Structure formats: structure tokens, C-alpha cells
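In the block that follows, a single chain appears as C-alpha cells, in the form deposited in one PDB entry.
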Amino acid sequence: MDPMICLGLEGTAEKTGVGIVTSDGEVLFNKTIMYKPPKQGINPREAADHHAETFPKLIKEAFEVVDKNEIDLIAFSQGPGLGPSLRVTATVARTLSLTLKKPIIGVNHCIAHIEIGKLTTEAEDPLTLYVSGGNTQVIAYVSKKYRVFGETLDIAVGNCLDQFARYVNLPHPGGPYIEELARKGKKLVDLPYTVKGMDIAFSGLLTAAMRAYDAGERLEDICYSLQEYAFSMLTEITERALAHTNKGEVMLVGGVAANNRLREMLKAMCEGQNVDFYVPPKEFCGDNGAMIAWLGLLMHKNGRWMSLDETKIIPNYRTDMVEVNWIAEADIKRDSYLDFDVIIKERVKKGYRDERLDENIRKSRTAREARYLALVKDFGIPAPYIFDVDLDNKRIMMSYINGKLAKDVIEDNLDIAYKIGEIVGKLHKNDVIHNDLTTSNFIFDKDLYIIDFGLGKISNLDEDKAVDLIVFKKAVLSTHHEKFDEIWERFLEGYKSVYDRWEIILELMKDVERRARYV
């Protein structure tokens, strides 16, 4: 009876997975079967239907390998994920607990992906990029909790690819086909690169890929481009998260981790930053039951229970919500005369990306930034003065603001959350979207100074102003959790002072934020 053994169910998404694991970290059993969608016409089916048909076939096999009387705990994926899939998973898990007369534990699918990462790889405290069909977020364990530092703002990357494959009439799963076509591509088609803070968005990209297809661009080139852009965007936010959580290893996780290109771009990045890079073996990388079981053990082994009424599925289970109980883009230089001071900001090259992309990202952000830092004094917003610019070398000569970063003084002086709101309000009052609102991008002296503008854009759309505010919101929630409530409240106070339409877009935030799981 030494090794306590647990049976876990995975069913958050499109994969039916059953796992048996022992508290000693031994995987006695682990098989998963995927949903194969029927024609999207009439006579519809859903993954839930697949789970209902598949779970008991898998459980039979499991009981043929180990004695059901030997299993001591049953665990299941409580969320996040598809509601109808969660419910079949839960109902099957509950039936097992009741007839085996054994305890049951609901487990967070996301932090289960990473825990078997640690168990199954030489990682121990990684910044982990989790990508799949329904999920894409950057997670790290900080301050006693698993937290999101970067996530998609709309669809997951897996879904971006899946929809594109469908559009261009590739069979399911189309991922492998896009990855092969991309290898034969050579032109880097014009597509939108969309990073905002540490988050990203794939919708515009997907659409532009579609329009490029309609315009008669070579399928191979579109595929190559789709991948380069999406994967670069994902490598960038992981890079930013890395410099932000101060971790020394990165772990890639999820079905999309199967993509070699993504794996290699991600390894280059980690090699550049001298950090370790781990990927679990295929069978623990994509959705699987073993990870559910192992995390199940972790929490129960450390003493935590669940009444059948506590086993309600949580479609939007956030990583924050889980009680844990088992544990740079720009070189800046300062030049001085005996009284005058200048700083030069160089956007250095990123080896991991296609040099063509790298050239456009560095030049355009540099040009934008220069142009925007200038334009914004017209609105009464302190910023550095722009002395000169050298776009060939990706450099800016600007004035020097002596002071601490907002990120470093905001919690012990919440007033400066107000000033940030004032200058954002002034921004949106004037149609400028600053797509990187964080507390690392303002410097506080007497007034408050804005010091980044590389992702700027002119726009009168409310969706864009709304997203602007969510990126700020989300960033505050991850890096200033101890004081989040208050900083946002005062951020809105400042915003309200200046921009009279604040209410319209604040409400618009909600409808955009509901790019979550149904129910």
C-alpha cells in the first residue's frame, strides 16, 4: 500500500484521456483518444458526445492493467475548458468515486500540464508557455500562486491554425499540413504582428492570412508567414515574461508544442537569454490523464478534500484561483557631458526570428516610438524629448529622465496610478492607442513620464481603447497583485478626469473580456 495510486480523467477539450499514477511519480497507465469532428453541417456532434463514448472504453483498458481496488484516489480536470466536455468528465469521475467509494479531487488542467512537466523533465521552477487549441498563456509560480503573465486576448494559437487549415481546405488536424507547407515557403507575406504588453491576439492575423489566400498568395508562403508571425509573437511575450518573473528556465507545453518550428524558435530565444528549455515527452505534452492524476495526488497527498458538491466544473478556472499546497528588447545607454545628459535606446536584434521580420519589427517600433514620444507633448503628457534618430541602426537619442520606474514606486505611493490614468485618458481622447500600458513604461520624478511607445497606433475605434485598458488591467493583476484593486480603481479615477467617453469603453471592456469559455 506504500505508493498511493490515483486515476485521473482529462476531458477539458477535444481529447479523452485516462491516467493512472502513483504518489511515487510512477505512471502505470496513460492513454488518450481524440475527437474526430463530423461535417459542420446538420446532424451535429460535440466533443462531449465523443467523451461519453470514449471514457468507458479507456477505463476498461485501465482496469485491465491495474486492479481497480488498488486505486485510492480519483481525479478529473475541473477546468478550464468546454462546459459540455467538463460535465461528461465530471459525471464519469463522480460515478467512479461513488462506486469505488474513494475520494475525488477536481484539478486545474492548466497547472496540471506544468506539474507533469516538472515531474517528467529536468525543469523545477520554469516560466512555461502553454499552447493548445483552446489555451495559450504564459504561466509561472510566483508569490505562492501559479499566475498568468501573458495570455491570448481572443482565440488560442491552436485555434488560429485550425481555422486557417479549414479555410484553405486542409483535413483535420491541419496543423501538420501547415507545418509542412511552411517549410517549402520563402516569401514573408505582409501580416499583422500583434503583441500588446505581455498578451497577444491572433484574430487579425488569422483574417489577414485568409485575405492573403483570397488574393492569390502562394499557400506555402502564407503558411510559412502564419507560423513565423504567430510563433515570434509567442516567443516575444515569453521573452518579456522571462525578463519579468526572473526565472532561469522555460518549459513549452501543450499540443502545439508538437510543432518543430515553434520548438526551435523557442530554443534559440532561450539560448540567447542563457536559460534552460524543456519540453515534456509527447504523451505528457498534449492533453492527457496522467497529469490530472499526478496533480490530484499532489493536492490530496498534501491533505485536501472535495465534497461531491465541490466538484462542480469551472469552465473559466483561472490559475490564481488554485491554492498551492505542494511546493529585454532594448539596450539603453547614458551619455554625459559635464551637465547635459542624453540616452540612446537601441532595439537589438532577436536571433530567434526570421531576419526579415526582425528588421521590420525593430525599424518600425523605433520609428513609431520616436514619432509618438514627440507627438504626445501636444496633449500635455511628459515624455523624453527626442533629439535624433538613426533608423538604420534602430537607435534613438532622447532626453534623460532621472527617477524610479512606476513598477518600483507605485505600491508605496498609489497616487501615481492616477497620473497613469490621466495620460491614458489624454491618449484616447486624442485617438492614440498605446498598446503596451504597464508600470515598467512610466518613470516617476515630480510628474509622471511615459517612456515607451513602440507599439502605438492611431485609432478611433472603441474596441481598441477597450483592449488598451484590459492590457493595463491584466498587467497590473499579474505584477501588482498585492495592491491590484486599488491601483485600478485610481487608474479609472484619472482616466475619468480627462476622457468623457470613459463609460462607453469601460462597458465595452466587458463584452470584449467575454472572449472566454461559454458558461
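Note that residue numbering follows the sequence shown and begins at 1. Whichever C-alpha set is largest while still superposing within 1.5 Å between the two forms counts as the rigid core.
Colleague: Can you say how many deposited residues have no coordinates in the span between residue 98 and residue 99, choosing none, 1 to 3, 4 to 9, or 10 or more?
Modeller: Nothing is missing between them.
Colleague: On average, are the C-alpha B-factors higher in 401-409 or in 259-267?
Modeller: Between 259-267 and 401-409, it is 401-409 that shows the higher mean C-alpha B-factor.
Colleague: According to the deposited model, is the average Cα temperature factor higher in 220-228 or in 335-343?
Modeller: Per the deposited B-factors, the answer is 335-343.
Colleague: Take the CA temperature factors straight from the PDB entry and tell me which of 444, 202, 149, 317 peaks.
Modeller: Comparing C-alpha B-factors across 444, 202, 149, 317, the top value belongs to 444.
Colleague: Among 369, 179, 124, 162, where is the Cα B factor highest in this entry?
Modeller: If I rank 369, 179, 124, 162 by C-alpha B-factor, first place goes to 124.
Colleague: Could you look up the Cα B-factor of residue 504 in the entry and say which third of the chain it sits in: lowest, middle or highest?
Modeller: For residue 504, whose C-alpha B-factor we compare with every modelled residue in the chain, the answer is the highest third.
Colleague: Ranking every modelled residue in this chain by its Cα temperature factor as given in the entry, which third contains residue 141?
Modeller: Middle third, going by the recorded CA B-factors of the chain.
Colleague: Taking the entry's C-alpha B-factors for this chain, is residue 70 in the lowest, middle or highest third?
Modeller: As the PDB entry reports it, the C-alpha B-factor of residue 70 lands in the highest third of its chain.
Colleague: Could you say whether, by C-alpha temperature factor, residue 21 belongs to the lowest, middle or highest third of its chain?
Modeller: Tercile = middle for this residue's CA B-factor.
Colleague: Ranking every modelled residue in this chain by its Cα temperature factor as given in the entry, which third contains residue 77?
Modeller: For residue 77, the deposited C-alpha B-factor lands in the lowest third.
Although not depicted, the form deposited in another entry is the subject of the following passage.
Colleague: Shifts of 2 Å or more in the Cα, rigid core superposed between the shown form and the other one, apply to only one of 402, 260, 307, 99; name it.
Modeller: By this measure, the answer is 402.
Colleague: Would the C-alpha of residue 442 be classed as shifted by 2 Å or more between the shown form and the other one after rigid-core alignment?
Modeller: Superposed on the core, residue 442 moves its C-alpha 2 Å or more between the shown form and the other one.
Colleague: Note yes or no: does the Cα of residue 143 move by 2 Å or more between the shown form and the other one after the core is superposed?
Modeller: No; that C-alpha moves by less than 2 Å between the shown form and the other one.
Colleague: Superposing on the rigid core, do we see a C-alpha displacement of 2 Å or more at residue 482 between the shown form and the other one?
Modeller: It does shift by 2 Å or more.
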